[PDB]
Amino acid sequence: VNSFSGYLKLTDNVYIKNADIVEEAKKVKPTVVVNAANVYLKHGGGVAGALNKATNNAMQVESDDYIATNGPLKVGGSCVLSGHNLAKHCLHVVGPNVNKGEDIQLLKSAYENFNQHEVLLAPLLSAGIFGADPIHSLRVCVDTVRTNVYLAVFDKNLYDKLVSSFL
Ligand SMILES: OC[C@@H]1C[C@H](F)CN1c1ncnc2[nH]ccc12
Ligand SMILES: [Cl-]
């Protein structure tokens with residue numbers, strides 16, 4: 001039993017809700033919140049910009065030190081950093097950004113990072129400003145993640161389409 005509330009159950013392990021991931025994280029304070037990161041951890045907009053803003057830019061400061069030490073992530077890769085005031089940890093995961101021409105096949109590799117964590121709050125990888133089809137992202141999530149994932153979808157119209165079209 002966990003403290004996630006109001007989610008629709010899609011499969012044994014995948015749950016979905018129309019919610020702002022920032023407000024969800026502040027309420028639940030999950031062990032792991034997933035960020036929709038880029039390889040430079042530049043949290044400018046989309047999910048990343050919103051999460052970073054909610055940390056008063058502390059996420060960005062921590063991220064800049066991480067990059068200065070380690071260099072950029074790989075597309076499909078991840079790193080674990082602090083969750084600041086939002087969660088114990090933030091798993092920064094880089095899905096392919098279609099608006100940069102990145103290979104959508106890497107979306108499965110990106111979701112594989114979730115399997116290293118028993119329970120996660122997450123957005124749909126490569127959705128929004130990363131330019132992939134969210135219906136496809138949900139499909140890959142369901143077919144790749146085996147740990148317990150609680151998906152927050154910001155747009156109510158999109159949430160309804162994901163549920164009604166879910167196979
Ligand atoms: O599944 C994540 C959905 C799809 C798209 F990627 C953006 N999005 C969000 N969901 C909840 N809160 C959010 N805050 C900022 C963005 C955002
Ligand atoms: Cl977005």
# chains A, B, ... in the order shown; residues from 1 in each chain; ligands from 1
$ residues_near_ligand --ligand "ligand 2" --cutoff "6 Å" --atoms "only C-alpha atoms and all ligand atoms" --output "PyMOL selection string"
chain A and resi 46-47+128-129
$ select_by_dssp --residues "chain A" --states "strand (DSSP E or B)" --output "CSV table (one decimal) with N, CA and C atoms, in the first residue's frame"
chain,number,residue,atom,x,y,z
A,8,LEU,N,-6.2,5.8,-12.1
A,8,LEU,CA,-6.8,4.7,-12.8
A,8,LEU,C,-5.7,3.6,-13.0
A,9,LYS,N,-6.1,2.4,-12.9
A,9,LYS,CA,-5.2,1.2,-13.0
A,9,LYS,C,-5.3,0.7,-14.4
A,14,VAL,N,1.0,-0.4,-13.7
A,14,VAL,CA,1.0,1.0,-14.3
A,14,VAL,C,-0.4,1.6,-14.0
A,15,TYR,N,-0.3,2.8,-13.4
A,15,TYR,CA,-1.4,3.6,-13.0
A,15,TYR,C,-1.3,5.0,-13.6
A,16,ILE,N,-2.4,5.7,-13.9
A,16,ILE,CA,-2.4,6.9,-14.6
A,16,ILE,C,-3.5,7.9,-14.0
A,17,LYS,N,-3.1,9.2,-14.1
A,17,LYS,CA,-4.0,10.3,-13.5
A,17,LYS,C,-3.8,11.6,-14.3
A,18,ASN,N,-4.9,12.3,-14.4
A,18,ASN,CA,-4.8,13.7,-14.9
A,18,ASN,C,-4.3,14.6,-13.7
A,32,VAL,N,10.8,8.5,-5.5
A,32,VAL,CA,11.4,8.9,-6.7
A,32,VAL,C,10.3,9.6,-7.6
A,33,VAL,N,10.7,10.8,-8.0
A,33,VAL,CA,10.0,11.5,-9.1
A,33,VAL,C,10.9,11.5,-10.3
A,34,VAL,N,10.3,11.2,-11.5
A,34,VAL,CA,11.1,11.2,-12.7
A,34,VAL,C,11.0,12.6,-13.4
A,35,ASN,N,12.1,13.1,-13.8
A,35,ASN,CA,12.2,14.3,-14.6
A,35,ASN,C,12.4,13.9,-16.1
A,36,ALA,N,11.7,14.6,-17.0
A,36,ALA,CA,11.8,14.6,-18.4
A,36,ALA,C,13.0,15.5,-18.8
A,78,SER,N,20.1,8.0,-17.8
A,78,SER,CA,19.5,8.6,-16.6
A,78,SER,C,20.6,8.9,-15.6
A,79,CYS,N,20.3,9.7,-14.6
A,79,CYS,CA,21.1,9.8,-13.4
A,79,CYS,C,20.1,10.0,-12.2
A,80,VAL,N,20.5,9.6,-11.0
A,80,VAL,CA,19.8,9.9,-9.8
A,80,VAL,C,20.4,11.1,-9.1
A,81,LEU,N,19.6,12.1,-8.8
A,81,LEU,CA,20.0,13.3,-8.1
A,81,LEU,C,19.0,13.5,-7.0
A,82,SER,N,19.2,14.6,-6.2
A,82,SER,CA,18.2,14.9,-5.1
A,82,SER,C,16.9,15.2,-5.6
A,89,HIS,N,14.4,11.4,-4.1
A,89,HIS,CA,15.3,11.4,-5.2
A,89,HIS,C,14.5,11.9,-6.5
A,90,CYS,N,15.3,12.4,-7.4
A,90,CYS,CA,14.8,12.7,-8.8
A,90,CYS,C,15.6,11.8,-9.7
A,91,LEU,N,14.9,11.0,-10.5
A,91,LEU,CA,15.5,10.2,-11.6
A,91,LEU,C,15.4,11.0,-12.8
A,92,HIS,N,16.5,11.6,-13.3
A,92,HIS,CA,16.5,12.4,-14.5
A,92,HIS,C,16.7,11.4,-15.7
A,93,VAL,N,15.6,11.3,-16.5
A,93,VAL,CA,15.7,10.4,-17.6
A,93,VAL,C,15.6,11.1,-19.0
A,119,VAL,N,9.1,1.9,-7.1
A,119,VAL,CA,7.9,2.7,-7.2
A,119,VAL,C,8.4,4.1,-7.7
A,120,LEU,N,7.7,4.7,-8.7
A,120,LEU,CA,8.0,6.0,-9.2
A,120,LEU,C,6.8,6.8,-9.6
A,121,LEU,N,6.9,8.1,-9.4
A,121,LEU,CA,6.0,9.1,-10.0
A,121,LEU,C,6.6,9.6,-11.2
A,122,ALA,N,5.9,9.7,-12.4
A,122,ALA,CA,6.6,10.0,-13.6
A,122,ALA,C,5.6,10.7,-14.6
A,148,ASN,N,6.5,-0.4,-10.2
A,148,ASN,CA,5.2,0.3,-10.1
A,148,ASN,C,5.3,1.7,-10.4
A,149,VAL,N,4.7,2.1,-11.5
A,149,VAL,CA,4.8,3.5,-12.0
A,149,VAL,C,3.4,4.2,-12.0
A,150,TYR,N,3.4,5.4,-11.4
A,150,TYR,CA,2.3,6.3,-11.3
A,150,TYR,C,2.5,7.4,-12.3
A,151,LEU,N,1.8,7.4,-13.3
A,151,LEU,CA,1.9,8.4,-14.4
A,151,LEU,C,1.0,9.6,-14.2
A,152,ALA,N,1.6,10.8,-14.2
A,152,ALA,CA,0.8,12.1,-14.2
A,152,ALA,C,0.8,12.7,-15.5
A,153,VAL,N,-0.4,12.9,-16.0
A,153,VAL,CA,-0.6,13.6,-17.3
A,153,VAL,C,-1.3,14.9,-17.1
$ closest_residue --among "A:84, A:108, A:74, A:100" --to "residue 29 in chain A" --atoms "only C-alpha atoms"
A:84
$ closest_residue --among "A:10, A:50, A:135, A:37" --to "ligand 1" --atoms "only C-alpha atoms and all ligand atoms"
A:50
$ select_by_dssp --residues "range 20-165 of chain A" --states "alpha helix (DSSP H)" --output "number ranges by chain"
A: 21-28, 46-54, 58-70, 106-112, 134-144, 156-164
$ residues_around --residues "residue 96 in chain A" --least-positions-apart "6" --cutoff "9 Å" --atoms "only C-alpha atoms" --output "mmCIF file with C-alpha atoms, in the first residue's frame"
data_model
loop_
_atom_site.group_PDB
_atom_site.id
_atom_site.type_symbol
_atom_site.label_atom_id
_atom_site.label_comp_id
_atom_site.auth_asym_id
_atom_site.auth_seq_id
_atom_site.Cartn_x
_atom_site.Cartn_y
_atom_site.Cartn_z
ATOM 1 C CA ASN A 38 17.841 16.471 -21.571
ATOM 2 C CA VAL A 75 19.858 9.855 -24.892
ATOM 3 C CA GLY A 76 18.066 6.913 -23.290
ATOM 4 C CA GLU A 102 16.469 11.660 -32.126
ATOM 5 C CA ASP A 103 15.673 7.987 -32.674
ATOM 6 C CA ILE A 104 12.304 7.053 -31.164
ATOM 7 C CA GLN A 105 13.558 3.487 -30.606
ATOM 8 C CA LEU A 106 15.565 4.952 -27.703
ATOM 9 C CA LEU A 107 12.272 5.513 -25.867
ATOM 10 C CA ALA A 110 14.741 5.420 -21.534
ATOM 11 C CA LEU A 125 8.669 10.137 -21.581
ATOM 12 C CA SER A 126 9.162 12.089 -24.821
ATOM 13 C CA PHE A 130 9.872 16.333 -26.784
ATOM 14 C CA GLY A 131 7.458 15.810 -29.686
ATOM 15 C CA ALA A 132 6.640 12.089 -29.561
#
$ residues_around --residues "residue 43 in chain A" --least-positions-apart "2" --cutoff "12 Å" --atoms "only C-alpha atoms" --output "ChimeraX atom specification"
/A:35-41,45-64,92,94
$ closest_residue --among "A:87, A:163, A:22, A:73" --to "ligand 1" --atoms "only C-alpha atoms and all ligand atoms"
A:22
$ closest_residue --among "A:71, A:30, A:83, A:44" --to "ligand 1" --atoms "only C-alpha atoms and all ligand atoms"
A:44
$ closest_residue --among "A:1, A:124, A:98, A:19" --to "residue 156 in chain A" --atoms "only C-alpha atoms"
A:19
